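Taking it in order: structure first as structure tokens, then the write-up.
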2 protein chains.
Amino acid sequence: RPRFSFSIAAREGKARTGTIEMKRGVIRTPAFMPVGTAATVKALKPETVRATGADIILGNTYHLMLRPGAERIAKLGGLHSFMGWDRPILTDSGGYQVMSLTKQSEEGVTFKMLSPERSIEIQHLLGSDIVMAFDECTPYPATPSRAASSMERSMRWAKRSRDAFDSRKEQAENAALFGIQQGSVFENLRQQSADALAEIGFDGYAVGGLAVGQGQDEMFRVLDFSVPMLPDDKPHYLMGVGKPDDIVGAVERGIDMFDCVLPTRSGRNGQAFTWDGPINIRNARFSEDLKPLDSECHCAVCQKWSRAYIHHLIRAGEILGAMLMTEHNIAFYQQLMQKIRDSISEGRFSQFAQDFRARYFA
Amino acid sequence: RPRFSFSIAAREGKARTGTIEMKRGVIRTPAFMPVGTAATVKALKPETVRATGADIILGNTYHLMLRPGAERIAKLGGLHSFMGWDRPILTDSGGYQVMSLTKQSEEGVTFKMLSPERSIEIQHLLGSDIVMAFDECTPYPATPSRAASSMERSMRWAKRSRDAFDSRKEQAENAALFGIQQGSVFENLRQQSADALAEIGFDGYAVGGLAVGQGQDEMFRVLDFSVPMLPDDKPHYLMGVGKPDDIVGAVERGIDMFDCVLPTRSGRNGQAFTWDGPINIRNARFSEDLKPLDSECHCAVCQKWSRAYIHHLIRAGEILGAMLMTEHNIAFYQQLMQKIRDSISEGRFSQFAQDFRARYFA
Ligand SMILES: CCCCc1nc2c(=O)[nH][nH]c(=O)c2[nH]1
Ligand SMILES: CCCCc1nc2c(=O)[nH][nH]c(=O)c2[nH]1
Ligand SMILES: [Zn+2]
Ligand SMILES: [Zn+2]
């Protein structure tokens with residue numbers, strides 16, 4: 001396999017399905033990336049993550065550079081070996097969390113320094129397969145002046161990220177680099193940003209700044225004009241999105257890649273995804289319900305345990321409850337992505353989306 | 001398979017190895033029973049418990065009758081179906097926890113009623129394979145007068161337990177009933193108790209009251225005279241024991257069955273069992289240690305992850321840390337029991353025990 005090769009096999013409207021080939025494996029697109037926050041997808045063995053159908057996972061840079069540390073992970077053999085996941089890993093740059101969980105300057109951010117060069121070096125030390133440019137995730141809402149200033153800095157940072165990555169032979173030969181579009185909800189700033197990014201040149205293009213408070217209507221509105229601005233022949237990654245219906249609508253608008261903590265975090269808190277919508281398994285109505293979490297789901301959890309048992313586990317605060325809920329939720333997300341890929345491949349994705357929404361929202 | 005058949009295949013001194021055949025499967029003896037407190041072996045799928053080599057697990061009656069409730073579990077298909085463990089389950093009577101986690105009377109105990117008849121009915125509702133007589137676990141230390149009064153009540157309760165079990169056709173035909181010897185640390189009271197129990201007649205005999213504060217020397221002293229009092233041709237179960245070295249010494253004194261929460265509870269708190277003794281994986285010395293938890297262990301955890309990674313997980317409070325530590329610890333206990341069975345079968349158990357202790361304590 002090549003360092004990086006994105007191929008589109010089928011299209012329907014703005015939707016695409018295809019593959020990203022990388023040295024550590026193939027990613028089927030549209031792709032959902034489970035989030036591993038501190039070198040673990042919470043409550044799952046990596047074999048279990050794979051078993052659900054995930055082709056790639058996301059690691060957060062901010063958390064790893066703090067614990068256990070990037071240099072330490074590198075000394076230990078890199079993140080794949082450390083955590084036991086041998087397939088592609090996408091790492092974020094750290095740019096988001098350093099502000100949400102500071103001294104900001106043109107150089108980077110100081111907190112209790114992270115900069116483009118340090119972020120790219122940390123992602124190298126981790127042995128990341130897909131490296132995110134170090135950016136600034138503009139808060140929502142933002143005035144046009146502030147969003148412009150923020151976007152402009154991010155684009156200067158994107159060039160610095162590009163050069164830092166290219167300056168390291170082994171990273172440039174074995175990993176890929178994605179740029180991140182900003183500009184808040186403003187069309188002209190999104191265009192400026194896309195333009196800047198394309199001029200630099202990246203292996204893929206994320207749509208940043210849309211998982212930070214916008215309602216779905218608004219996020220969709222911004223995607224409508226923003227995704228066509230990106231190079232068509234490269235993957236499009238919507239950072240931090242989202243709910244099952246967010247994902248369907250974003251694929252309808254040309255997104256190829258997704259991540260979000262909802263299936264893991266929700267799962268631990270008792271929310272299970274079903275084709276008829278989410279359910280809160282702690283609800284007393286499930287106390288004697290012998291059905292699986294979802295009537296159609298092919299996951300191991302639905303093959304073996306009832307709602308009643310998982311209800312008991314979550315109410316009791318049992319670790320196995322977190323494990324079972326998380327596995328099901330991640331499997332549900334993967335089955336959603338499989339249904340999306342198959343329906344685009346068959347030219348019936350628009351119908352799938354309609355059908356999905358009618359039932360999920362009933 | 002028969003309802004119950006205990007066969008001794010090999011002996012060495014007081015040590016025995018053999019099998020208990022039951023309708024739901026075969027139990028290899030000496031046996032270690034992982035404890036499932038609220039219908040789950042904490043942080044493990046039942047398939048994982050089996051994978052470690054466990055033939056039977058223990059369920060606590062007290063906790064189940066409180067949550068989710070015995071009648072409810074029965075309505076749901078019984079405990080095996082509920083939790084997804086299809087092999088034998090031994091349940092305790094509830095007698096211990098109702099006092100440690102009250103109004104005591106000859107009838108039973110009232111708390112925020114449990115009695116012999118109710119305890120046996122609850123264990124039936126759960127669908128237990130091995131039912132423990134409802135007893136009183138005498139506190140340690142106890143004066144001889146108090147231990148005698150306590151033991152005497154337990155023996156009256158043992159007869160009531162016997163009759164309650166026999167009065168239910170399906171339970172008597174499909175499960176087994178164990179009696180529990182009391183008498184604190186006193187030889188004459190242990191003899192009285194054994195005598196009473198044998199007169200009633202049980203399928204197996206537990207040694208109760210020795211996991212409640214006695215040091216090893218004392219526990220061993222009491223086992224020395226207590227186990228020979230029990231019927232030779234029935235299993236001998238030491239409730240609540242114990243550490244790896246407790247278990248070796250107790251097999252040397254004729255015990256066939258063990259349970260304790262140490263491998264699970266310890267595991268979650270960062271203690272890992274090794275042939276060179278326990279280690280506390282949170283210790284900074286493991287932060288860059290690439291070795292497995294134990295150099296010889298055949299478990300899945302030691303095949304795949306390093307001390308360094310598990311150290312990170314436990315320090316980070318990650319669920320996967322609890323899962324990995326627990327799997328290893330339960331696998332270690334099972335490998336210990338396998339080594340014990342093989343060495344008795346080969347007539348080299350005395351040497352094994354010597355060798356085990358020299359290394360575990362070095
Ligand atoms: C709460 C979800 C946040 C998702 C996210 N957005 C962004 C972004 O806009 N830029 N850089 C990032 O790492 C990033 N991560
Ligand atoms: C803290 C470990 C307690 C083990 C135990 N001992 C006993 C006993 O002596 N009688 N009945 C029981 O259920 C029981 N359980
Ligand atoms: Zn499922
Ligand atoms: Zn191990």
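First the proteins, then the strands, lettered A, B, ... as listed; each starts at 1. Order of appearance sets the numbers: ligands from 1, and atoms from 1 within every ligand.
Ring orientation note: the planes of A:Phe332 and A:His328 are tilted relative to one another, at an angle of 30° to 60°.
Here the protein heavy atom with the shortest distance to atom 12 (C) of ligand 1 is A:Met239 CE, 3.6 Å. At the shortest separation from atom 1 (C) of ligand 1 among protein heavy atoms lies A:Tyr96 OH, 3.2 Å. Closest protein heavy atom to atom 4 (C) of ligand 2: B:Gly240 CA, 3.8 Å.
Cation-pi geometry between B:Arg253 and B:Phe220 is met: under 6.0 angstrom from the ring centre, within 45 degrees of the axis.
For atom 10 (N) of ligand 1, the nearest non-hydrogen atom from the set A:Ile180, A:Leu210, A:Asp135 comes from A:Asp135.
Using a non-hydrogen distance threshold of 4.0 Å, A:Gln182 registers as a contact of ligand 1. Remark: distances from the non-hydrogen atoms of A:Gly209 to ligand 1 include one below 4.0 Å.
Side-chain N/O atoms of A:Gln334 and A:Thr52 include no donor and acceptor closer than 3.5 Å.
Across all non-hydrogen atoms, the minimal contact from A:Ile247 to A:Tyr333 is CD1-CE2, 3.6 Å. Nearest heavy atom pair, residue A:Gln182 against residue A:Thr138, reads OE1-N, 4.0 Å. Taking each heavy atom of B:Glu136 and B:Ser150 in turn, the nearest pair found is OE2-OG, 2.6 Å.
Here A:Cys297 contributes SG and A:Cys302 contributes SG, and at the Zn ion (ligand 3) these two atoms make an angle of 120°, given to 10°. Rounded to 10°, the angle formed at the Zn ion (ligand 3) by ND1 of A:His328 and SG of A:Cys299 is 110°.
Here the side chains of A:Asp135 and A:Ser93 are in contact, with some heavy-atom distance below 4.5 Å.
Heavy-atom proximity to B:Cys137, at under 4.0 Å, picks out these atoms of ligand 2: 6 (N), 7 (C), 8 (C), 9 (O), 10 (N). Within ligand 2, counting atoms from 1 as listed, the ones closer than 4.0 Å to a heavy atom of B:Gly208 are 9 (O).
Residue B:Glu136 does not touch ligand 2, judged by heavy-atom distances below 4.0 Å.
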In sequence, state the C-alpha distance, the side-chain angles, and the governing distance for A:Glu121 and A:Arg118, and then conclude on salt bridge (charged side-chain N to carboxylate O under 4.0 Å, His left out). CA-CA 5 Å; A:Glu121 180 189 27; A:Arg118 176 59 178 165; 2.9 Å; yes
